[PDB]
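Each of the two blocks below gives one form of the same protein chain as structure tokens; they are labelled structure 1 and structure 2.
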Structure 1
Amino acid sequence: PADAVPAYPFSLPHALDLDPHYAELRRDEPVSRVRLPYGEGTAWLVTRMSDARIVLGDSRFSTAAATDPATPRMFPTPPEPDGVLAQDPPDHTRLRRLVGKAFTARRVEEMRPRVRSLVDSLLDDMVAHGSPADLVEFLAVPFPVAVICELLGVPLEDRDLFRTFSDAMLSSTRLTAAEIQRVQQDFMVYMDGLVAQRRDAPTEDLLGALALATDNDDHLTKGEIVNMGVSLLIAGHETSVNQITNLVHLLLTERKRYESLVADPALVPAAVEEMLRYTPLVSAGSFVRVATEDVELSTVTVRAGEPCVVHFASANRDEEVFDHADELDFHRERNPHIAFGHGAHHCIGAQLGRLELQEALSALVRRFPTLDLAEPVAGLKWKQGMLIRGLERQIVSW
């Protein structure tokens, strides 16, 4: 009848806790029907790692199909069809070659000197201010912003402008479809004007390459190119901003974790990997994939036409994959998490986010051995109504 399929998300999120329903689903109903907050009909929620790798990793699932306004989705506005996430291979592959060179592990690693220099600079400004201080204001926000503005070639003077835009674009329930469609439109025209400036004066930056491509690639559309600029500018700071605060929260609320990194700072890369695994940065669900053919998952054959949604954080707690999966452990031998997704849409910024997180924690644990949270855990201002989780403020002392 009117379905008794449960609403997803199941609940408003609490700090970085996973809803307890996911462990129940993994063990007893790993693929299950749900109703998403927008779109029509139902979708399969996938909570286990092997199923997640098939949904994310197989041509028989299409994200392009999900651009239909009737397809279930986690966000109010229908997906933009020229957005990178809504492309299927091989069209997706051609689109990613627009920018991909700049994001290889090799080119990102070459940014470490520049990136460390910027971190130290912001922590200089924090030490000037004096303890206590808001870590979000002095580190979590300015640091990513500066990295992505250098790489893209966005002016740092526009931070306030494009952070308003990005916050709205990451709305889950916080903003309505209309408000988000207006911001979408404004961000588009803004990005298009940044790229259009390179047309009489090319720059050695990503926006530079974007502008060369609008002239010399008769297989890429200006809509796709400009949307790539917009996507990179959003994901390129909003993820790491949140993840810096999230990692710091995990470290300070069981100080032993932080103390182990203070004692041994070369453990930081591994810790970053383990906290990526453990942190439900993506608040709930994922970009929907629609089966274009019947596909076998662990417990169910998804029919052609049926949508699916992966919960990344749930797959990252799969007990068949990780030992003591509900525990945070910086000395795991194996960590095949999907905090950065999997398959064709594997995060393009994965190496850059790793670099940023490593340089931010490494600097903290070496310079601020005495760092602690200097506001009550009860009052922490968790962002509400967004597709990702993180803190609006994090006052710390040292």
Structure 2
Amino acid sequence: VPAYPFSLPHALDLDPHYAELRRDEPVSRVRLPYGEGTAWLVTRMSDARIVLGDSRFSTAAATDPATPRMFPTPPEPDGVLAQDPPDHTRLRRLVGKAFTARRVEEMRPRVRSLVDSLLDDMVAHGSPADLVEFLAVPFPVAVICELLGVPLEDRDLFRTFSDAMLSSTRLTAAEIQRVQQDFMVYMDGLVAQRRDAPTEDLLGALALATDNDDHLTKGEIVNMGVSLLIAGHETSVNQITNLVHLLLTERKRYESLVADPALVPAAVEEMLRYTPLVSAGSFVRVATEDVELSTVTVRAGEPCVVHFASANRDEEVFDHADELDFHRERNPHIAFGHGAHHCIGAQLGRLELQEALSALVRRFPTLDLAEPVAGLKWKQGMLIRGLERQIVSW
């Protein structure tokens, strides 16, 4: 019956029907914009974890044009998220051997160098300043560049490919393609150079990854680096604005970090739990067998959407579920998903948000929102919520 996106997003606010569903119909039929039939909407954490972390669901099945979806275009099946276990598993493994926790934590001194530079320019420009232009946009692209080992001299041209994607950019017809193909050249050229001569960075290590005699192709290393640049940029950008937004606008939260900057990591986790960043939820899962859920049981062709943000507000698992508690002891959120398709960039994402917040706290203990909240330029966040602008004073 009900059309799925129940509403267009206001701010970081949740449509009130997810909570109602969470108590009354945790698993609920809905009709998504496109594709055919209906889908199971999964609102709570228990069911979410089953659906997201059970071998009995497929994401490759949902590349079928007659599967319910959000965009008119269906999904290409060679995309990571759409890939199913045997191959996906091979994939996660190989990049796994390069996108390691160690490499990501070893970014930290460098990444902290970049944030402090960016904030230096913000101080140079004076006392009100658009946090989006000075911090949120450049910071994620610069971090990815550094991780890929994009050579220092032509990152500015990485900056234009990246933010020539974002929710809107040049709008110059579809010759955003003449942006794709000459950049696609670049990556291929770069991937080739490091395959011959590897370096301390993702590409160099994607070049060397192995798994009992198994390889990544020049082609596979291109599709990942790009897939990673796309994914990481617009999300990280928006999330930066979302956290700042939550911290100011209640502004005792920000104070609580100034007073105690050691709380930044716990705060970020808690803020990841709370922010409904992903507005329509996760990539579509299509049950391959019969999986029993909380209240219904799902049969073999029916698709489900897991809504992460509602799972993250499930009052069965989080006390004071709809409040920000930076001192919460237990926080089993799935802001980064779960199971096989758990976010590949989860740690780099935590790195970004830790260093950003901690920098703003050291350097700008007087930070404050410098426009009225009611008027804030929220993106039309069908996919990803975030702010188009964020003026702040100090």
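One-based numbering along structure 1's sequence throughout. We call the rigid core the largest set of C-alpha positions that still match within 1.5 Å between the two forms.
| Once you align the rigid core, which of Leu276, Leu206, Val136, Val248 turns out to move its Cα at least 2 Å between structure 1 and structure 2? | Per the superposition, the moving residue is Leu206.
| field | Core-aligned C-alpha movement of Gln184 between structure 1 and structure 2 reaching 2 Å | value | Yes, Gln184 moves 2 Å or more.
| field | Per-residue C-alpha change between structure 1 and structure 2, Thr221, threshold 2 Å, rigid core fit | value | Result for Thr221: yes, a 2 Å-plus shift.
| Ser171: CA shift of at least 2 Å between structure 1 and structure 2 after core fit? | Yes, shifts by 2 Å or more.
| message | After superposing on the rigid core, what is the C-alpha displacement of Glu157 between structure 1 and structure 2, in Å? | response | Displacement of the C-alpha, rigid core superposed: 8.6 Å.
| Can you give the C-alpha shift of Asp294 between structure 1 and structure 2 in Å, rounded to one decimal, after superposing the rigid core? | So the C-alpha of this residue moves 1.0 Å.
| request: Give the C-alpha shift of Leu261 between structure 1 and structure 2, in Å, after superposing the two forms on their rigid core. | output: With the cores aligned, its C-alpha sits 0.3 Å away.
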